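To begin, one chain is listed below as structure tokens, in the form deposited in one PDB entry.
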């Protein structure tokens, strides 16, 4: 029967578009009165709504920009692309959805940036001695994995303030290690050492001039160093088109946010770059540690992949921490850091092994889901990532987007990107809704009687207390405008009980079996007789209970034909002139003659 698009009785094109995606709106001025204004496109089009007046917006997804996925890259960047398509145009109706797919590939030789952030508590003297040659060896090992490399360095101990700092007799201010009769640098929060550079030997030349320091308590203020290494991009030299590695080597647990309150530090971490011309961290002594929530935000923003190269005794702790920060991994750093190089290479190997998507700037009105095709021609609903990818592999995802209502702003753009990659797919959404026939509405034009309504899409949307297609009726006016013979006979209902009258005109409401018509709703197109289960035998048109049979058919049910071919005799005359053709057979009037053509006697 009639669909919600019709039975919900929406009086505006915009309302109909919100009723359901399948509803379609007609703006034809010549639409017959009572014809369903809005309905499923099939039904309404069957009602011959002009294509010049049909309104039926439909969701679509058009790719605006698409560079092919790069194959080797690593040289003459020329837009090394790892995500396709790059830009998509999307549009949707209040209750619609669309499917679009994103393809991700990991270039084999993509450049790399390694920043070595090394804790320098007094226990790390052996590690510092060990890693002196990490430069050249790292370059030779990585050259098997990428043709361009950049190496940096940095160190951190803890906030140089009591209770962490040794404020013990003045010697401890200039040589905190004087207690055990050794010389070491006065502790510090974080000092940048070496900007990222292609010249590897500079790493060796610099790391050989460093020294450890000493602090009182066991936890270390690494997270300050991590935050400063993420946000101070120009000091450290993070590249735009490259892979970012932040190696964080420590042998002790860390202070977290709100640990500074034990010192005189209450101000939170705003997450800004405070490294000055001096390569130290200025705001160390006046600013709390960063929360994990802020660190993840900054890491995602800057496209940093952070590797926890921690010792055995705290591997579990940092594993549990990394469980909260996407993109990180943990490795067992030996007590003397002898295996830092292999740890770095393996961590890079298993960091490139996974692809995961992030959605950012997604508006509230929108919501979307994912299907993954990671290892073979397979589909994994819901999951947004892959767990066993080989470098150089290609991955695909299918994205389903959903919306609610026509928001206040008609256009919004958001970005879908994989974790840690500069490349991104920006989806710009063009939200519905509007209709051409409604954009051309006439405010209170005389198309509506004495105004009393605004014309749009062939119908006057009437004002308060006003009713009718032309606002010819008003509830208040119904009191003085006493009805006069709404039906021809006094004592009978103002109309056929299928409807009532306003200002002497009957309103037939609605019907499911057909369309109501007539001055008093007393005629329609579904009350005629039936034959063989079909009204008027499918050979006539019903009208107010009468079958208007086609020219080739007659009778009340239109079940009998007037065709002459079957009744024409061999002489070219019907029934040989002896009878009349009825229902395709001749009835003979000449005495003694009989047969379908009066040929027998």
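Numbering follows the first chain given and starts at 1. Take the two forms, superpose them, and find the largest set of C-alpha atoms that agree within 1.5 Å; that set is the rigid core.
Note that the form deposited in another entry isn't included here; everything after this is about it.
Enquirer: I want to make sure I read this right: if the two forms are fitted on their rigid core, which of 202, 137, 447, 360 has a C-alpha displacement of 2 angstroms or more between this form and the one not shown?
Expert: Residue with a C-alpha shift of 2 Å or more: 447.
Enquirer: Once the core is aligned, please say if the CA of residue 312 is shifted by at least 2 angstroms between this form and the one not shown.
Expert: It does not reach a 2 Å shift.
Enquirer: Superposing on the rigid core, I want to see if residue 174 changes position between this form and the one not shown - specifically a Cα shift of 2 Å or more.
Expert: False for residue 174: its C-alpha shift is below 2 Å.
Enquirer: Once the two forms are fit on the core, has residue 303 moved its CA by at least 2 Å between this form and the one not shown?
Expert: No.
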